[PDB]
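In case you want the letters, here they are:
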Amino acid sequence: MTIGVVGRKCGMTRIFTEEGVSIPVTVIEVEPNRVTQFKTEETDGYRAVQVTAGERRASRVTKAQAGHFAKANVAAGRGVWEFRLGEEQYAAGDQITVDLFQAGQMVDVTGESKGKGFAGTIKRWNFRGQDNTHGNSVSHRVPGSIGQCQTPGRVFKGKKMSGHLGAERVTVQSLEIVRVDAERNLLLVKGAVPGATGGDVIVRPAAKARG
Amino acid sequence: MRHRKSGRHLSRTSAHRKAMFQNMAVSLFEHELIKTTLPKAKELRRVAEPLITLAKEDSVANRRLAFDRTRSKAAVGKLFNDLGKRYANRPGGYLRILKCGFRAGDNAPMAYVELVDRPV
Amino acid sequence: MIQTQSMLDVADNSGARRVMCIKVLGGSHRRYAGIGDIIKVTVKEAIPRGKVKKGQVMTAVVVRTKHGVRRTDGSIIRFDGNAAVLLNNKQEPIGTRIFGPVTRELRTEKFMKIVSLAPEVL
Amino acid sequence: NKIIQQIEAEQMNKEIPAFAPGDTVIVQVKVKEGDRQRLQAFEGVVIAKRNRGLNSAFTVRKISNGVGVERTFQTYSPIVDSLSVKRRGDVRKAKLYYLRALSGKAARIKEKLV
Amino acid sequence: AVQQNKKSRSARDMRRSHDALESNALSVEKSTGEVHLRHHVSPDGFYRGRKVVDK
RNA sequence: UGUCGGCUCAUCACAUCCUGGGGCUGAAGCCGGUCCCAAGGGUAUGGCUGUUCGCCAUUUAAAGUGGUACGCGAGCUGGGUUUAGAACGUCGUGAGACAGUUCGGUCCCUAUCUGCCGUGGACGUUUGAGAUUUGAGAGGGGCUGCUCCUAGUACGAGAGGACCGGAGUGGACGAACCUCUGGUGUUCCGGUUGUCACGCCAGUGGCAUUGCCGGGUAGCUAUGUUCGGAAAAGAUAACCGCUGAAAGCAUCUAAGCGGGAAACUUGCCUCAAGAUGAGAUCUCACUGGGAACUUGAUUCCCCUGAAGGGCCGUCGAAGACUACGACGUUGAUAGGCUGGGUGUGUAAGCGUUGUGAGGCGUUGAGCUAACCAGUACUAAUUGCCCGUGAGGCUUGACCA
RNA sequence: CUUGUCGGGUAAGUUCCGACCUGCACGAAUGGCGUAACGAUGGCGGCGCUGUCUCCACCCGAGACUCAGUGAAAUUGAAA
RNA sequence: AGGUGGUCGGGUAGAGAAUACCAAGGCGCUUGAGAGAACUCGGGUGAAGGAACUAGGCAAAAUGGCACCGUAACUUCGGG
RNA sequence: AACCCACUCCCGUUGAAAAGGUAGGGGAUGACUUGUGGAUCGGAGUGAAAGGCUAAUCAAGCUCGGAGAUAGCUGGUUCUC
RNA sequence: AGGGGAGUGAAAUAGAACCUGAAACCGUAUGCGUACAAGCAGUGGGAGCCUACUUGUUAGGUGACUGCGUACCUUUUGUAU
Ligand SMILES: [Mg+2]
Ligand SMILES: [Mg+2]
Ligand SMILES: [Mg+2]
Ligand SMILES: [Mg+2]
Ligand SMILES: [Mg+2]
Ligand SMILES: [Mg+2]
Ligand SMILES: [Mg+2]
Ligand SMILES: [Mg+2]
Ligand SMILES: [Mg+2]
Ligand SMILES: [Mg+2]
Ligand SMILES: [Mg+2]
Ligand SMILES: [Mg+2]
Ligand SMILES: [Mg+2]
Ligand SMILES: [Mg+2]
Ligand SMILES: [Mg+2]
Ligand SMILES: [Mg+2]
Ligand SMILES: [Mg+2]
Ligand SMILES: [Mg+2]
Ligand SMILES: [Mg+2]
Ligand SMILES: [Mg+2]
Ligand SMILES: [Mg+2]
Ligand SMILES: [Mg+2]
Ligand SMILES: [Mg+2]
Ligand SMILES: [Mg+2]
Ligand SMILES: [Mg+2]
Ligand SMILES: [Mg+2]
Ligand SMILES: [Mg+2]
Ligand SMILES: [Mg+2]
Ligand SMILES: [Mg+2]
Ligand SMILES: [Mg+2]
Ligand SMILES: [Mg+2]
Ligand SMILES: [Mg+2]
Ligand SMILES: [Mg+2]
Ligand SMILES: [Mg+2]
Ligand SMILES: [Mg+2]
Ligand SMILES: [Mg+2]
Ligand SMILES: [Mg+2]
Ligand SMILES: [Mg+2]
Ligand SMILES: [Mg+2]
Ligand SMILES: [Mg+2]
Ligand SMILES: [Mg+2]
Ligand SMILES: [Mg+2]
Ligand SMILES: [Mg+2]
Ligand SMILES: [Mg+2]
Ligand SMILES: [Mg+2]
Ligand SMILES: [Mg+2]
Ligand SMILES: [Mg+2]
Ligand SMILES: [Mg+2]
Ligand SMILES: [Mg+2]
Ligand SMILES: [Mg+2]
Ligand SMILES: [Mg+2]
Ligand SMILES: [Mg+2]
Ligand SMILES: [Mg+2]
Ligand SMILES: [Mg+2]
Ligand SMILES: [Mg+2]
Ligand SMILES: [Mg+2]
Ligand SMILES: [Mg+2]
Ligand SMILES: [Mg+2]
Ligand SMILES: [Mg+2]
Ligand SMILES: [Mg+2]
Ligand SMILES: [Mg+2]
Ligand SMILES: [Mg+2]
Ligand SMILES: [Mg+2]
Ligand SMILES: [Mg+2]
Ligand SMILES: [Mg+2]
Ligand SMILES: [Mg+2]
Ligand SMILES: [Mg+2]
Ligand SMILES: [Mg+2]
Ligand SMILES: [Mg+2]
Ligand SMILES: [Mg+2]
Ligand SMILES: [Mg+2]
Ligand SMILES: [Mg+2]
Ligand SMILES: [Mg+2]
Ligand SMILES: [Mg+2]
Ligand SMILES: [Mg+2]
Ligand SMILES: [Mg+2]
Ligand SMILES: [Mg+2]
Ligand SMILES: [Mg+2]
Ligand SMILES: [Mg+2]
Ligand SMILES: [Mg+2]
Ligand SMILES: [Mg+2]
Ligand SMILES: [Mg+2]
Ligand SMILES: [Mg+2]
Ligand SMILES: [Mg+2]
Ligand SMILES: [Mg+2]
Ligand SMILES: [Mg+2]
Ligand SMILES: [Mg+2]
Ligand SMILES: [Mg+2]
Ligand SMILES: [Mg+2]
Ligand SMILES: [Mg+2]
Ligand SMILES: [Mg+2]
Ligand SMILES: [Mg+2]
Ligand SMILES: [Mg+2]
Ligand SMILES: [Mg+2]
Ligand SMILES: [Mg+2]
Ligand SMILES: [Mg+2]
Ligand SMILES: [Mg+2]
Ligand SMILES: [Mg+2]
Ligand SMILES: [Mg+2]
Ligand SMILES: [Mg+2]
Ligand SMILES: [Mg+2]
Ligand SMILES: [Mg+2]
Ligand SMILES: [Mg+2]
Ligand SMILES: [Mg+2]
Ligand SMILES: [Mg+2]
Ligand SMILES: [Mg+2]
Ligand SMILES: [Mg+2]
Ligand SMILES: [Mg+2]
Ligand SMILES: [Mg+2]
Ligand SMILES: [Mg+2]
Ligand SMILES: [Mg+2]
Ligand SMILES: [Mg+2]
Ligand SMILES: [Mg+2]
Ligand SMILES: [Mg+2]
Ligand SMILES: [Mg+2]
Ligand SMILES: [Mg+2]
Ligand SMILES: [Mg+2]
Ligand SMILES: [Mg+2]
Ligand SMILES: [Mg+2]
Ligand SMILES: [Mg+2]
Ligand SMILES: [Mg+2]
Ligand SMILES: [Mg+2]
Ligand SMILES: [Mg+2]
Ligand SMILES: [Mg+2]
Ligand SMILES: [Mg+2]
Ligand SMILES: [Mg+2]
Ligand SMILES: [Mg+2]
Ligand SMILES: [Mg+2]
Ligand SMILES: [Mg+2]
Ligand SMILES: [Mg+2]
Ligand SMILES: [Mg+2]
Ligand SMILES: [Mg+2]
Ligand SMILES: [Mg+2]
Ligand SMILES: [Mg+2]
Ligand SMILES: [Mg+2]
Ligand SMILES: [Mg+2]
Ligand SMILES: [Mg+2]
Ligand SMILES: [Mg+2]
Ligand SMILES: [Mg+2]
Ligand SMILES: [Mg+2]
Ligand SMILES: [Mg+2]
Ligand SMILES: [Mg+2]
Ligand SMILES: [Mg+2]
Ligand SMILES: [Mg+2]
Ligand SMILES: [Mg+2]
Ligand SMILES: [Mg+2]
Ligand SMILES: [Mg+2]
Ligand SMILES: [Mg+2]
Ligand SMILES: [Mg+2]
Ligand SMILES: [Mg+2]
Ligand SMILES: [Mg+2]
Ligand SMILES: [Mg+2]
Ligand SMILES: [Mg+2]
Ligand SMILES: [Mg+2]
Ligand SMILES: [Mg+2]
Ligand SMILES: [Mg+2]
Ligand SMILES: [Mg+2]
Ligand SMILES: [Mg+2]
Ligand SMILES: [Mg+2]
Ligand SMILES: [Mg+2]
Ligand SMILES: [Mg+2]
Ligand SMILES: [Mg+2]
Ligand SMILES: [Mg+2]
């Protein structure tokens, strides 16, 4: 953790090794990141760095945000993110590329997962359905019982019910870096990355490490 | 879920849908200005514009393909003789949609569908 | 994938003509047995003068499936039927010959006897 | 998908002669049996062919020892060392899945002389 | 399933606090001076200074 | 106040079945027996029977015991019990009866309130606004087999066979994803039966479950792919101690100092300032006049409405309606058009061969959804409404 | 009593089939014992077939959802 | 979306007054428009397995025409 | 097949319907189905027998009278000190 | 259709659904209270605000905050039940 880059999910592919094994790969474009603000102990408490990436039109950036992007001459971009760093040193106006990663180098990737609208209990919670025959009355995929009699006499908080298999944010831990294309700004990561093509993903060094 | 899916059901079977949009396209080539519903007008321009493009190259095989998709002798002759020659140099966008209010009976949003360069 | 009640024929000369799976070994609530996994079978048809009899509970190894096996490059191999080899008490083949091809995933340290006898290893 | 195609291009560096379903091809497959490596021939009729660039694939079917077997090769993997067409088949389809219900003289495929 | 006690005057009026109506976005045809709906053709037949329906 | 069993969904206790830590042993080792601590996670599939139970077959690390209206029919079932029909055995002269059998036999309800799962509208946070955040607190997760090395070493006459410590590979469970392997793909391409129509031939279209079929793009998906459970720290349980008197000895305790488990608090993931205790940081906007007083956190009028937000439109792997996200001519937001890709499989017309069905050439041809790239041809107007005029008082510290 | 005992079938059979006789409490026109054909009749077992199931996935229509019009019902001591 | 006696009843396939597409003739069934969630109703397809489901193969899937060959126990001699 | 009937599943149960509908199902030259007209009825009729049917009513129809039957049983019983 | 004026009438809020015209129930306007607060909705204490005028030992509307406080009938040995 403590430092990373923001990229876009470009889609999955494969690469073959000379030994003949094919590695599933997720290609991540990392347009170079620009430091916007450095946060220290005497001004904010915690230590962190604020980063922007991409590019935005001049008619979509407000006067409040334009003056923030102008205190450090950075030029506005899509979104603003903040990485909580333990002990490093940055100055407003720097560049952060894929060049803090190497091959090997387990990382964690965060993204907004694909959104299912309003899911039932079978899809959302892996419930199992009642009978499709043998007398069942209009109660095939319905959840069933949700409590007990007079004792409790109210459903318990946290009950598993239906609705919104979400587009939340999820992290996938311990993903290996396969190739770091420095000149074309690419990160090739072994495995699946949350979200759809085009979404913004955060890449950080693996927190758990070890195996 | 309907991620990245195209088309509109419009509460009809696929046989009803296919037949409704031939009549609506055949009417448009004849009167050059029709009044219909906005969801139906947006789904029509995926049907009648590929016909005007096909009419640009006149041949026996092209006029046989046109008749199969719009089973109307007059409409096939309306294309290949007036349209396709009118829009020979226009790269797409042969028809125009303009919102025009709501129906009285059911409050359905309406629209005007018309060929772009009517000589009037 | 092979589960209980599945019928799969024999790739030996052990007498058994057709067997049926009655258990998949190696874990609780285990569902499927692929190529190279141990199962528990019962004999459903046998040769008149074979060395196994009908209705006999014993252990077999899965050697050939319709579902198939995957390879590292991403390829796949599939057969036209599920086949098994009957093993004795000490996890060893009972018949002496083996029919049809076998696969390299069975070329392990405990089933090398049934790979050296197969007319073809894929 | 504009830069995915660029990553895939730098791995498409093989001959891969043209062939179509119904042909009888021979595929030389790399096999490791310890430290030494050899080539194992797989001969059969092609019944399916997937055209996707790097992710291309094809399926051949052969009767090995009285038991049928089908293998789906990846066209651009290093495992598929080479391929040669031994016979050209004359078929009216693109996927010959009906051949799995025919066994002997009923599974013959005509020849394409030109 | 049906109520056990009848609802009060205040209890049903609170439910209707979200039942108010919004007003349409209108605009004035600059060339003529005719009020029409925003992005729609005028009830006369003018859109963006162009006669389109000839009544 | 609907009574057995099954199904779906659970929640708690600990008198612990497995995994975890220990004392004693009639504990050599491998396996055991018994007691103490421990509730984090796990904890079979079938044959018979209406069965709970039970007995069997084969597994598993183990197939725990109980409370919850013997949990759960305004969540499902209806095999059993317990209506009306009929029959057997037995009892009664008879109508009939039988915790004795047997075959058949209608299971209603659109959710007001509390509760729960998702998702919004209003206002407040003391001038307003754009954006990024800290973390009081809450939830999720925690399972485990086998093989190899140490090592055929310790132990043992032998047979047999480890503790501690490493490496690999699986079962079950969970999440994300669609590169691969497949499924689907009534919006794509073909084959074909019956009939009707387009004047007729050819060529096509309607109807017949998409007429029946063979394939199949994008999207969705598992049976496909990748990942996860940790390590570590603290304070402890049973237990094991060091020093040590009361009580010249002894003694883990009375003062003092340690080791110690899947339990507890962090560590990993998510939500989180309506945390009314409403937090913090960067930047931006607004610098007019009069009057009436019930003479200041007052009211009324005229002028002036900024930063920004909304309405509206083109939409979206976002979505029940919302909300969220992108764009609106200074523009690739959607459709079309132009190239390509993909799928299907050699179109129509014409020319040859044949008496004809048919074959052959032009020809991998014709067509091609949702995909990739480009391009203003078509649609996103040239608008309206909210939101103001420098942000109260007291105390104290630094200034002037 | 009772899932009596033995044999068959099944990896495993309280049901089924063949026997034994200890008939709680069969028995000869409220008929006894058999029987070809027949039965939307009761019990048991096979082949084929399959979404019945492991374990559900995708797709097509009608509701449910939103908008415009018409417009009920059971229930109700009062409800912060 | 119930019930109601009798008569006529064409073409192409077809044994047919069944069934499919049509003629003569008649009609689109007196609320619509969208969108494309859970769930419910009526259907299509499904990898590997094939009754492991269940009180019970309930439901579904499967068979299905004409000509010819061929066909068991048992039997009341017809049959099956 | 028409016609008569009603064995199974599902839907519907505030129904389209106070007993239906879609899929399958039985008989279909006969102890058959059906139109019109007629006969038998309330301790009575009719019944290939289910205590079944006799106008959505049957272990004794409906209607009006005896009749305001009887109710040792529930319920209710009204202004003030 | 229904209204706004004008006219008749002692009186059209006596207008033909026509004397008077209550209650349930439904609205518009003003004044006060109400978005950190848990329960038979009252009662005892009580600030502030608004109105009127006898200008505050007054009258009327509202009731922040706070102490106590589980409806009525019936039937019962006994009911918030
Ligand atoms: Mg979505
Ligand atoms: Mg289930
Ligand atoms: Mg049942
Ligand atoms: Mg029902
Ligand atoms: Mg159903
Ligand atoms: Mg209940
Ligand atoms: Mg309670
Ligand atoms: Mg739960
Ligand atoms: Mg789209
Ligand atoms: Mg059709
Ligand atoms: Mg209520
Ligand atoms: Mg009540
Ligand atoms: Mg009110
Ligand atoms: Mg409302
Ligand atoms: Mg369950
Ligand atoms: Mg749970
Ligand atoms: Mg408790
Ligand atoms: Mg204990
Ligand atoms: Mg235990
Ligand atoms: Mg233990
Ligand atoms: Mg122990
Ligand atoms: Mg012990
Ligand atoms: Mg526990
Ligand atoms: Mg516990
Ligand atoms: Mg537990
Ligand atoms: Mg627990
Ligand atoms: Mg605990
Ligand atoms: Mg813990
Ligand atoms: Mg079981
Ligand atoms: Mg069991
Ligand atoms: Mg049973
Ligand atoms: Mg208790
Ligand atoms: Mg109890
Ligand atoms: Mg209990
Ligand atoms: Mg119970
Ligand atoms: Mg219980
Ligand atoms: Mg039920
Ligand atoms: Mg029950
Ligand atoms: Mg009920
Ligand atoms: Mg209930
Ligand atoms: Mg229900
Ligand atoms: Mg029953
Ligand atoms: Mg039943
Ligand atoms: Mg009876
Ligand atoms: Mg007697
Ligand atoms: Mg009695
Ligand atoms: Mg019974
Ligand atoms: Mg019956
Ligand atoms: Mg029910
Ligand atoms: Mg309540
Ligand atoms: Mg916290
Ligand atoms: Mg809180
Ligand atoms: Mg927890
Ligand atoms: Mg926690
Ligand atoms: Mg030894
Ligand atoms: Mg020794
Ligand atoms: Mg999984
Ligand atoms: Mg895929
Ligand atoms: Mg794809
Ligand atoms: Mg595939
Ligand atoms: Mg495929
Ligand atoms: Mg398919
Ligand atoms: Mg298909
Ligand atoms: Mg696909
Ligand atoms: Mg004609
Ligand atoms: Mg013709
Ligand atoms: Mg046709
Ligand atoms: Mg027609
Ligand atoms: Mg089809
Ligand atoms: Mg068919
Ligand atoms: Mg496919
Ligand atoms: Mg999934
Ligand atoms: Mg620890
Ligand atoms: Mg001492
Ligand atoms: Mg001591
Ligand atoms: Mg101490
Ligand atoms: Mg410690
Ligand atoms: Mg563990
Ligand atoms: Mg706040
Ligand atoms: Mg704040
Ligand atoms: Mg704005
Ligand atoms: Mg502005
Ligand atoms: Mg905004
Ligand atoms: Mg939208
Ligand atoms: Mg440009
Ligand atoms: Mg192609
Ligand atoms: Mg064609
Ligand atoms: Mg041609
Ligand atoms: Mg040719
Ligand atoms: Mg050629
Ligand atoms: Mg082509
Ligand atoms: Mg018995
Ligand atoms: Mg027996
Ligand atoms: Mg046996
Ligand atoms: Mg059985
Ligand atoms: Mg006698
Ligand atoms: Mg008798
Ligand atoms: Mg007798
Ligand atoms: Mg007799
Ligand atoms: Mg007698
Ligand atoms: Mg008799
Ligand atoms: Mg007899
Ligand atoms: Mg009969
Ligand atoms: Mg019988
Ligand atoms: Mg059985
Ligand atoms: Mg549909
Ligand atoms: Mg409405
Ligand atoms: Mg006819
Ligand atoms: Mg007919
Ligand atoms: Mg006609
Ligand atoms: Mg209607
Ligand atoms: Mg509708
Ligand atoms: Mg369905
Ligand atoms: Mg089907
Ligand atoms: Mg298929
Ligand atoms: Mg299947
Ligand atoms: Mg299959
Ligand atoms: Mg089979
Ligand atoms: Mg069973
Ligand atoms: Mg079972
Ligand atoms: Mg059936
Ligand atoms: Mg059928
Ligand atoms: Mg009739
Ligand atoms: Mg009858
Ligand atoms: Mg019946
Ligand atoms: Mg059915
Ligand atoms: Mg019939
Ligand atoms: Mg029927
Ligand atoms: Mg018969
Ligand atoms: Mg018949
Ligand atoms: Mg007659
Ligand atoms: Mg009479
Ligand atoms: Mg009678
Ligand atoms: Mg009656
Ligand atoms: Mg009588
Ligand atoms: Mg009487
Ligand atoms: Mg009457
Ligand atoms: Mg009457
Ligand atoms: Mg009386
Ligand atoms: Mg009297
Ligand atoms: Mg009373
Ligand atoms: Mg008056
Ligand atoms: Mg009057
Ligand atoms: Mg009146
Ligand atoms: Mg009056
Ligand atoms: Mg008078
Ligand atoms: Mg009144
Ligand atoms: Mg008011
Ligand atoms: Mg508080
Ligand atoms: Mg308050
Ligand atoms: Mg409250
Ligand atoms: Mg309280
Ligand atoms: Mg309360
Ligand atoms: Mg007072
Ligand atoms: Mg006062
Ligand atoms: Mg008070
Ligand atoms: Mg009070
Ligand atoms: Mg109190
Ligand atoms: Mg009472
Ligand atoms: Mg009582
Ligand atoms: Mg009592
Ligand atoms: Mg009391
Ligand atoms: Mg009460």
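Taking the PDB entry as the reference, chain E is identified by name as 50S ribosomal protein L32 belonging to Pseudomonas aeruginosa PAO1. What the PDB record gives as the title of this entry is "Pseudomonas aeruginosa 70S ribosome initiation complex bound to compact IF2-GDP (composite structure I-A)". In UniProt, chain E has this text filed under Sequence similarities: "Belongs to the bacterial ribosomal protein bL32 family."

Labelled according to the PDB entry, chain B appears under the name 50S ribosomal protein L17, originating from Pseudomonas aeruginosa PAO1. The annotation that UniProt attaches to chain B under Sequence similarities is "Belongs to the bacterial ribosomal protein bL17 family."

Outline the overall build of chain E, supporting the account with residue identities and numerical values.
When its secondary structure is counted, chain E shows 1 helix and 2 strands. Shown N-terminal to C-terminal, the secondary structure of chain E runs as helices and strands in the order α-β-β. A globule of 55 residues ought to have a C-alpha radius of gyration of about 10 Å, yet chain E, at 22 Å, is considerably larger. In terms of principal-axis extent, the alpha carbons of chain E reach across some 60 × 20 × 15 Å. Taken over 55 residues, chain E has a buried fraction of 20%. A separation threshold of at least 6 residues defines the contact pool for chain E, and within that pool the share at least 24 residues apart is 0%. Separation between the mean location of the 12 positive side-chain charges and that of the 7 negative ones in chain E comes to 8 Å.

Please provide a residue-by-residue account of the protein's contact with RNA strand G, values included.
Neighbouring RNA strand G are 30 residues; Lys5 and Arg17 of chain B, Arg31 of chain C together with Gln3 and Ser8 of chain E lie closest to it. Close to the protein, within 4 Å, the atoms of RNA strand G belong to sugar or phosphate groups at a rate of 63%. Contact between RNA strand G and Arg31 of chain C: a phosphate oxygen at 2.3 Å from a side-chain N or O atom of the residue. Its residues assigned to classes, the surface near RNA strand G shows 5 nonpolar, 15 polar and 10 charged.

Lay out the sheet that holds strand β3 (residues 57-63) of chain D in plain terms, naming residues and giving numbers.
Taken together, 7 strands build an open sheet; the order of strands is β5(C)-β6(C)-β4(D)-β3(D)-β2(D)-β1(D)-β5(D) and the sheet is antiparallel. Across the chains shown, the open sheet's two edge strands, defined by having one partner strand only, are β5 (69-70) of chain C together with β5 (80-87) of chain D. Both β3 of chain D and strand β4 (residues 68-74) of chain D contribute to a ladder of 7 bridges, which runs antiparallel. In the sheet register, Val60 of chain D faces β4 of chain D, and the bridge partner there is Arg71 of chain D.

Could you give an account of helix α1 (residues 14-31) of chain B, naming the residues involved and the relevant values?
Residue and element names in this part refer to chain B. Compared with an ideal rise of 1.5 Å per residue, which puts 18 residues at 26 Å, α1 spans 26 Å between its outermost C-alpha atoms and is within 8% of the ideal. Here α1 has its buried residues at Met20, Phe21, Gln22, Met24, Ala25, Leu28 and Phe29. Among the residues trailing α1, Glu32 stands out with phi positive, at a value near 65°.

Go over the environment of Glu19 of chain A with me, naming the residues and quoting the values.
When you line up the elements, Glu19 of chain A lands in the loop between β1 (5-16) and β2 (22-29). Residues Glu19 of chain A and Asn33 of chain A, 14 residues apart in the sequence, show an inter-C-alpha distance of 36 Å.

Before we move on, could you go through unusual backbone geometry and cite the residues and values that matter?
All names here are of chain B. Within the chain, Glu32 stands out as a residue other than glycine whose phi angle is a positive 65°. Of note, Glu32 is situated in the loop between α1 and β1 (33-37). Residues other than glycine seldom take positive phi values, yet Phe80 does so here, at roughly 65°. Mapped onto the elements, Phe80 comes out in the loop between α5 (73-78) and β2 (95-102).

Criteria and cut-off values
Residues numbered from 1 in each chain as written, not as in the entry; some residues may be left out. Chains lettered and ligands numbered in written order. Part of a larger assembly, values for the part shown. Heavy atoms only, no water. UniProt positions renumbered as here; feature names shortened; annotations may be inferred. Helix = DSSP H or I, 4+ residues; strand = E, 2+ residues; numbered from the N terminus. Rg over C-alpha atoms; globule rule 2.2 N^0.38 Å. Buried < 20%, exposed > 50% of the residue type's maximum accessible area, 1.4 Å probe, protein only. Contact = heavy atoms within 4.5 Å. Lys, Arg positive; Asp, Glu negative; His and termini not counted. Charge placed at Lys NZ, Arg CZ, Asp CG, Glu CD. Near = heavy atom within 4 Å. Polar contact = N/O pair within 3.5 Å; in protein donor to acceptor, adjacent residues only side chain to side chain. Nonpolar A, V, L, I, M, F, W, Y, C, P; charged D, E, K, R; others polar. Pairing = 2+ DSSP bridges. Expected span 1.5 Å × (residues − 1).

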